[PDB]
């Protein structure tokens, strides 16, 4: 509790590849962990401009910033200063697949995020490789303990510029690097938006708001 201050900064590094296009992203961010709110600024340092929709990347840049009821153990906050690790698979309806592995630690007072990501089997004419997405709709992640870790499931929806939508099934596993109290099953409501971006999305600012509730 005393190690996660009410205002926290973080740095993030991502190495990735989508349908063969390789890239690196460096970012800084900040937020109020106990309010469940955060913002980040991200810069494509290698491989820019990206030939794919930024949206598939935005959910990969921070579950330390989730507002939790007092009766729900904040497992991921408790994992610090050691931190936690998480791995994710997003299976999109058109066959596209994104895999992510991530490490979160605490160093010199800030959170350090190391991310690796791979996207594959995205149709060439699909909305991802053609940049036809308008960001994510608000999501509810079903969290539950299992295998000694905290798992999360979500059915997520990307807005399509034609007024339609692009569906994805997301499963994530978060595990503290030290023994900490796991919660019971609950839900986390998440809103993620791109708040600013330059013309070619080589600099992008994001906002996320996350809140835990009972079910």
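Positions refer to the first chain, counted from 1.
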{"property": "Size class of the missing deposited segment between residue 61 and residue 62", "result": "1 to 3"}
{"property": "140 to 148 versus 124 to 132 - which carries the larger mean C-alpha B factor in the record", "result": "124 to 132"}
{"property": "Mean Cα B-factor comparison, 47 to 55 or 157 to 165, giving the higher one as deposited", "result": "157 to 165"}
{"property": "From 82, 87, 94, 74, residue of greatest CA B-factor", "result": "94"}
{"property": "Among modelled residues of the same chain, the CA temperature factor third for residue 176", "result": "lowest"}
{"property": "Entry-reported Cα temperature factor of residue 10, expressed as the chain third it lands in", "result": "middle"}
{"property": "Chain thirds of CA B-factor: placement of residue 31", "result": "lowest"}
{"property": "Cα B factor band for residue 207 (lowest, middle or highest third within the chain)", "result": "lowest"}
{"property": "Third of the chain, ranked by Cα B-factor, where residue 110 sits", "result": "middle"}
